[PDB]
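A quick write-up on the structure given underneath.
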Amino acid sequence: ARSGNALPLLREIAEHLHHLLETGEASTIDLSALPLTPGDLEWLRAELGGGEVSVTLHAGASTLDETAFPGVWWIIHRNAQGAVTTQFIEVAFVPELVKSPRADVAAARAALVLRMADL
Amino acid sequence: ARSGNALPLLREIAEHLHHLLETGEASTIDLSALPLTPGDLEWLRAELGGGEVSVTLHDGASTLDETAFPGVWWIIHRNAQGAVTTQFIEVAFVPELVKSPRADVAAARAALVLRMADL
């Protein structure tokens with residue numbers, strides 16, 4: 001039912017939280033790195049619990065849910081039909097994917113300026 | 001019923017975007033405080049569109065939605081009764097509210113270390 005791989009997973013998460021706090025460096029754990037059972041991932045999800053912040057990223061669709069441990073985010077990527085393709089744990093103040101990149105923000109401003117000329 | 005008074009807001013947004021890029025400083029446009037009609041706000045929300053990131057935060061609940069323009073976010077907080085307490089645009093790389101504070105992450109680390117001893 002369970003592989004026992006889920007607990008070294010918790011120690012890794014704790015180490016990543018330490019790293020985040022000391023360096024500000026975020027990290028990700030690819031859950032497909034280990035052969036986890038529906039049981040392992042199921043147990044890990046239950047241990048981590050649910051937080052107060054839920055994010056949807058539209059590509060397919062991803063969900064980035066803060067667990068009950070602030071700074072620990074459960075990430076599920078799904079295809080356009082809803083099938084899960086990959087799952088990760090990200091240790092971060094906010095997942096990097098949520099942030100608007102600088103080049104995109106500059107291009108946003110340009111788009112807006114152009115749009116203003118047609119209104 | 002539209003008054004035409006939301007159109008200047010596109011220029012304001014474009015200026016805030018320039019400011020964010022040049023200075024790294026986020027800005028806000030307090031929509032609730034402006035003399036806009038409901039029609040004006042619907043027009044603006046429709047014009048800015050929906051983007052790649054949607055966030056839900058659960059005191060009452062907030063929605064932090066990226067618009068079609070990267071760096072431009074539409075924020076709404078409702079109290080437990082559903083009443084909007086604030087609605088605003090946030091020009092930022094990520095809204096401040098989604099980030100887990102350092103003190104909360106430090107407590108998470110302590111909690112996880114303690115929990116591991118029980119497994």
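Just so we're on the same page: first chain in the structure tokens is A, next is B, and so on; residues restart at 1 for each chain, and ligands are numbered from 1 in the order they show up.
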- Near residue B:104, counting only C-alpha atoms, which residues have an atom at most 12 Å away, once you skip same-chain residues fewer than 2 positions from it, shown as a list in words? residues 17, 21, 51, 68, 69, 70, 71, 72, 92 and 93 of chain A; 99, 100, 101, 102, 106, 107, 108, 109, 110 and 111 of chain B
Please produce, as a tab-separated table, a per-residue contact table for chain B versus chain A (criterion: any atom at most 6 Å away, only C-alpha atoms considered), showing the nearest atom pair and its distance in Å to one decimal, sorted by chain then residue number.
```
residue	atom	partner	partner_atom	distance
B:14	CA	A:109	CA	5.5
B:52	CA	A:58	CA	4.9
B:53	CA	A:57	CA	4.8
B:54	CA	A:56	CA	5.1
B:55	CA	A:55	CA	4.4
B:56	CA	A:54	CA	5.3
B:57	CA	A:53	CA	4.6
B:58	CA	A:52	CA	5.0
B:69	CA	A:108	CA	5.1
B:70	CA	A:105	CA	5.1
B:71	CA	A:105	CA	5.4
B:93	CA	A:100	CA	4.8
B:94	CA	A:99	CA	5.1
B:99	CA	A:94	CA	5.1
B:100	CA	A:93	CA	4.9
B:104	CA	A:70	CA	5.8
B:105	CA	A:70	CA	5.0
B:108	CA	A:69	CA	4.9
B:109	CA	A:14	CA	5.9
```
Write down as a PDB file with C-alpha atoms, in the first residue's frame the residues belonging to chain B that are assigned alpha helix (DSSP H) by DSSP computed on the backbone.
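The resulting part14.pdb:
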```pdb
ATOM      1  CA  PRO B   8      -8.276  57.354 -17.921  1.00  0.00           C
ATOM      2  CA  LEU B   9      -7.407  54.336 -15.863  1.00  0.00           C
ATOM      3  CA  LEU B  10      -5.692  52.641 -18.782  1.00  0.00           C
ATOM      4  CA  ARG B  11      -3.170  55.510 -18.908  1.00  0.00           C
ATOM      5  CA  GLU B  12      -2.689  55.249 -15.166  1.00  0.00           C
ATOM      6  CA  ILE B  13      -2.043  51.533 -15.417  1.00  0.00           C
ATOM      7  CA  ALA B  14       0.525  52.115 -18.166  1.00  0.00           C
ATOM      8  CA  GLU B  15       2.319  54.657 -15.958  1.00  0.00           C
ATOM      9  CA  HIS B  16       2.308  52.287 -12.976  1.00  0.00           C
ATOM     10  CA  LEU B  17       3.801  49.585 -15.225  1.00  0.00           C
ATOM     11  CA  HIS B  18       6.613  51.923 -16.255  1.00  0.00           C
ATOM     12  CA  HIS B  19       7.187  52.719 -12.528  1.00  0.00           C
ATOM     13  CA  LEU B  20       7.283  49.047 -11.563  1.00  0.00           C
ATOM     14  CA  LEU B  21       9.809  48.280 -14.286  1.00  0.00           C
ATOM     15  CA  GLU B  22      12.048  51.209 -13.512  1.00  0.00           C
ATOM     16  CA  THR B  23      11.922  51.144  -9.717  1.00  0.00           C
ATOM     17  CA  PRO B  38     -20.925  49.544 -11.839  1.00  0.00           C
ATOM     18  CA  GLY B  39     -21.053  49.755 -15.647  1.00  0.00           C
ATOM     19  CA  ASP B  40     -17.673  51.541 -15.652  1.00  0.00           C
ATOM     20  CA  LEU B  41     -16.086  48.777 -13.589  1.00  0.00           C
ATOM     21  CA  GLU B  42     -17.620  46.057 -15.776  1.00  0.00           C
ATOM     22  CA  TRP B  43     -16.197  47.835 -18.838  1.00  0.00           C
ATOM     23  CA  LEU B  44     -12.724  48.043 -17.300  1.00  0.00           C
ATOM     24  CA  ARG B  45     -12.720  44.408 -16.094  1.00  0.00           C
ATOM     25  CA  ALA B  46     -13.797  43.285 -19.584  1.00  0.00           C
ATOM     26  CA  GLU B  47     -11.173  45.447 -21.267  1.00  0.00           C
ATOM     27  CA  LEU B  48      -8.278  44.202 -19.136  1.00  0.00           C
ATOM     28  CA  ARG B 102       8.927  34.621   6.699  1.00  0.00           C
ATOM     29  CA  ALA B 103       7.604  34.249  10.256  1.00  0.00           C
ATOM     30  CA  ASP B 104       4.961  31.788   9.005  1.00  0.00           C
ATOM     31  CA  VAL B 105       7.552  29.790   7.012  1.00  0.00           C
ATOM     32  CA  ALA B 106       9.866  29.669  10.075  1.00  0.00           C
ATOM     33  CA  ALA B 107       6.931  28.251  12.145  1.00  0.00           C
ATOM     34  CA  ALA B 108       6.247  25.753   9.348  1.00  0.00           C
ATOM     35  CA  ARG B 109       9.799  24.487   9.527  1.00  0.00           C
ATOM     36  CA  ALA B 110       9.549  24.020  13.305  1.00  0.00           C
ATOM     37  CA  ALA B 111       6.179  22.289  12.959  1.00  0.00           C
ATOM     38  CA  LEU B 112       7.499  19.895  10.280  1.00  0.00           C
ATOM     39  CA  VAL B 113      10.590  18.966  12.307  1.00  0.00           C
ATOM     40  CA  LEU B 114       8.340  18.222  15.269  1.00  0.00           C
ATOM     41  CA  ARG B 115       5.878  16.166  13.174  1.00  0.00           C
ATOM     42  CA  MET B 116       8.645  14.005  11.744  1.00  0.00           C
TER      43      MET B 116
END
```
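Every protein or nucleic acid residue with an atom no more than 7 Å from residue B:72, counting only C-alpha atoms and leaving out same-chain residues fewer than 3 positions away, appears here: residues 66, 67, 69, 89, 90, 91 and 92 of chain B.
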- Message: Among chain B, which residues does DSSP mark as strand (DSSP E or B) when it is run on the backbone? Keep the chain and numbering as in the structure and answer as a list in words.
- Response: residues 27, 28, 29, 53, 54, 55, 56, 57, 61, 62, 63, 64, 65, 66, 72, 73, 74, 75, 76, 77, 78, 84, 85, 86, 87, 88, 89, 90 and 91 of chain B
- How many Å lie between atom CA of residue B:76 and atom CA of residue A:74, rounded to one decimal?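 It comes out at 24.3 Å.
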- Between atom CA of residue B:87 and atom CA of residue B:31 - distance in Å to one decimal: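 These atoms are spaced 5.7 Å apart.
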- Task: Find the residues near residue B:36: any atom within 9 Å, counting only C-alpha atoms, skip ones fewer than 6 places away on the same chain, and give them as a PyMOL selection string.
- Result: chain B and resi 2-6
Please produce a file of the residues just selected, as a short mmCIF file (atom, residue, chain, number, x, y, z; two decimals), in the first residue's frame, where the atoms kept are N, CA, C and O atoms.
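Saved the output as result-v7.cif:
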```cif
data_model
loop_
_atom_site.label_atom_id
_atom_site.label_comp_id
_atom_site.auth_asym_id
_atom_site.auth_seq_id
_atom_site.Cartn_x
_atom_site.Cartn_y
_atom_site.Cartn_z
N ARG B 2 -22.75 53.64 -17.98
CA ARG B 2 -21.32 53.99 -17.98
C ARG B 2 -21.18 55.51 -18.02
O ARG B 2 -21.90 56.17 -18.79
N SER B 3 -20.24 56.05 -17.24
CA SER B 3 -20.01 57.51 -17.18
C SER B 3 -18.84 57.98 -18.07
O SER B 3 -18.67 59.19 -18.30
N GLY B 4 -18.03 57.03 -18.53
CA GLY B 4 -16.86 57.29 -19.37
C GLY B 4 -15.63 57.54 -18.50
O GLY B 4 -14.50 57.72 -18.99
N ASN B 5 -15.82 57.49 -17.20
CA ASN B 5 -14.75 57.86 -16.29
C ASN B 5 -13.73 56.81 -15.94
O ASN B 5 -12.79 57.09 -15.19
N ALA B 6 -13.87 55.60 -16.49
CA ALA B 6 -12.87 54.59 -16.27
C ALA B 6 -11.79 54.63 -17.37
O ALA B 6 -10.72 54.08 -17.19
#
```
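Relative to atom CA of residue B:78, atom CA of residue B:60 is found at 5.7 Å.
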- Message: Excluding residue A:45 and its own-chain neighbours fewer than 5 positions away, which residues fall within 10 Å of it when counting only C-alpha atoms? Please give them as a PyMOL selection string.
- Response: chain A and resi 6+39-40+50+67+74
